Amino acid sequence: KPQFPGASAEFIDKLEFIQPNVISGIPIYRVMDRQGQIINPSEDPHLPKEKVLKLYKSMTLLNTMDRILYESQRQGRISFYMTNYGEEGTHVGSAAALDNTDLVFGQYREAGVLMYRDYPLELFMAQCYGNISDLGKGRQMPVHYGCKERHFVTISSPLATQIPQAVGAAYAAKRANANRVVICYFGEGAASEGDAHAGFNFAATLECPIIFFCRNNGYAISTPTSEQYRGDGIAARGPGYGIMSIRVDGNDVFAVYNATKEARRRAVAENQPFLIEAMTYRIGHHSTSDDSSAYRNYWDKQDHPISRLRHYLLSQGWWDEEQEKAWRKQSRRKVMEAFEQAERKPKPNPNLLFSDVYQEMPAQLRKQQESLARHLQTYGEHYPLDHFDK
């Protein structure tokens, strides 16, 4: 009966505002309780032992690396660091549900996805040190990882910019008949940016095979979610754009896996976007520049993704204290081996400050490179040259 082009709807003859359901929001999907017990057998993914052990080892090797690099920053050995504490389950549960060649865009707090994809310790540490082994050529701040071989697009600091970019890469994959999905991770603070509204709407109207994965960890630096939004989180925004949406317990690797696996299957088949909001809690400081006690655990001690997964392994007979002790030693050794190597490598040649600005080097930029070379010839005793290659 209504005829308007912009909506499909019936008439109503009484005035009634639509109220948001915020007190009773979208429920939180859970698979295992805080003691590692499966709640509903029909939801158990029954992942094989070797894969569940890889989820666990990835999370704890990440945790080992985070502790060492955070310390290295405190000592002035690297310039900056950001830990992943509390959020390690969101990274490995989701990454395990992807195809190896699915393209990942992220924010900066998703290093467990690269760890799951077997990114070498040497390369995480090369990027944080800015050394000659860094394929990023020492140009970005620490934790701004990228890997073309493992389909992880280089991280950049501006929040949410990767959201509409991920949608364009998904449109391109659709055209190429790729049978590939793009996943795009971001936090709940980043979701307030205009670029999130751009990406959500474009993915729906252009029918793109993309999973939007929001880590909702309760804080964006000092800002609690009560000052970030007033609706029912990020999941409740998806349907407004016509996006199939779900909220999961981000401290449950199996809930994260199940939701990601099903979103991937349907996004690729149907060329439609999916939104997953994983509820979690930022256990660490925001970064080495943050002292989080200035503005705010139960979470570390009573609901941690690593502890929950450890309890599951024990229940199957897949882990024990002897194994735990051995792996803790081996993981510390592996991280310390890479750490020592990274610290001893030189930094790249200062000439690399000028390449890759454009693909080629414009003649006026070469003139600037030559000017630096002349400068260092005369004044080089005033520069940290003995630390840099060549």
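Rigid core here is just the name for the largest C-alpha set that superposes within 1.5 Å across the two forms. Throughout, we count residues from 1 along the sequence that is shown.
Student: Which of the two stretches, 59-67 versus 24-32, has its Cα atoms farther on average from this form in 4 other deposited structures of this protein when everything is superposed by the rigid core?
Tutor: When 59-67 and 24-32 are compared in 4 other deposited structures of this protein, the bigger C-alpha shift is seen for 24-32.
Student: Checking the other PDB entries that cover both flanking residues: does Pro239 lack coordinates in at least a third?
Tutor: Residue status for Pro239: no gap in any other entry.
Student: Counting only other entries that model residues on either side, is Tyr257 absent from the coordinates in at least a third?
Tutor: That residue is present in all of the other compared entries.
Student: Check the entry and tell me how many residues of the deposited sequence have no coordinates between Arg296 and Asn297: none, 1 to 3, 4 to 9, or 10 or more.
Tutor: 4 to 9 residues lack coordinates between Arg296 and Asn297.
Student: When the Cα temperature factors in the entry are averaged, is it 169-177 or 153-161 that ends up higher?
Tutor: Between 153-161 and 169-177, it is 169-177.
Student: On average, are the C-alpha B-factors higher in 196-204 or in 100-108?
Tutor: The stretch with the larger mean CA B-factor is 100-108.
Student: Which is it among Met336, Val31, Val52, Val357: the one with the largest CA B-factor in the entry?
Tutor: The C-alpha B-factor peaks, among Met336, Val31, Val52, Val357, at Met336.
Student: Could you say which of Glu227, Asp303, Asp134, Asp252 has its CA atom at the highest B factor, as listed in the PDB entry?
Tutor: When the deposited C-alpha B-factors of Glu227, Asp303, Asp134, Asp252 are compared, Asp303 is largest.
Student: State the tercile, meaning the lowest, middle or highest third, of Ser245 with respect to the CA B-factors recorded for its chain.
Tutor: Answer is lowest: the recorded C-alpha B-factor places it there.
Student: Looking at the temperature factor on the CA atom of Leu121, which third of the chain's modelled residues does it land in?
Tutor: It falls in the middle third of the chain.
Student: Split the chain's modelled residues into thirds by Cα B-factor; is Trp318 in the lowest, middle or highest one?
Tutor: Tercile = lowest for this residue's CA B-factor.
Student: Which third, lowest, middle or highest, does the CA B-factor of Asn258 fall in along this chain?
Tutor: Bottom third by C-alpha B-factor.
Student: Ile283's Cα B-factor: lowest, middle or highest third of the chain?
Tutor: It belongs to the highest third of the chain when residues are ordered by C-alpha B-factor.
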